[PDB]
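A single chain, nothing else alongside it, follows as structure tokens in the form deposited in one PDB entry.
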């Protein structure tokens, strides 16, 4: 990742890459989004000062069930930690948190032989909406200073490219350990909802990238990426 397409304002970098045929190793960046979407059509507030970009991957190269989102999440957290010198956490299966507030969201979509990844990073948002204020923060709120969005973008893209290359010729074993230790709510009571309901203690992560939940009837391995993890 080195070549960038930088737009001032657009409906959604995800939507744009659905209509436009871009080559691999190219990231579409937008300063603002009017129709920013989440993992289920939810509104993703994208005001000025934030980082919003999408890129394409080969659906025949990466298995995007659970492993991919975890590696992408690891990548962004590794980049942010190197720049801000602040520790970050990973929410299974696809989000980057600081303490209890979300700082970055990772999204993957498939639209006709296309694997489209969309990452949103809160960096320099000055005014934060109350409806998300309780579960979201920015780099500016944490550190108390602004950060060069382009520099952060390049770092994130470098960590992604490196992690994915090592994910190709090798396996998820190279990341499993690192991710497990950074998992949010590790060893705490949690609840999983969405296409079922499993409750227990988050005891760790499996080799397949599945969540290990200790229930009253033993440890269950959750292999579905539709489950939302909440604190319980």
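What we label the rigid core is the largest C-alpha set whose atoms superpose within 1.5 Å from one form to the other. Residue numbers count along the first chain shown, from 1.
From this point on, the text means the form deposited in another entry, which you will not see here.
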Can a Cα shift of no less than 2 Å be assigned to residue 219 between the shown form and the other one, given superposition on the rigid core?
no
Rigid core superposed, CA of residue 198 - does it shift 2 Å or more between the shown form and the other one?
yes
Knowing the Cα distance between residue 194 and residue 117 changes 3 Å or more in the other form, does it shrink or grow relative to here?
farther
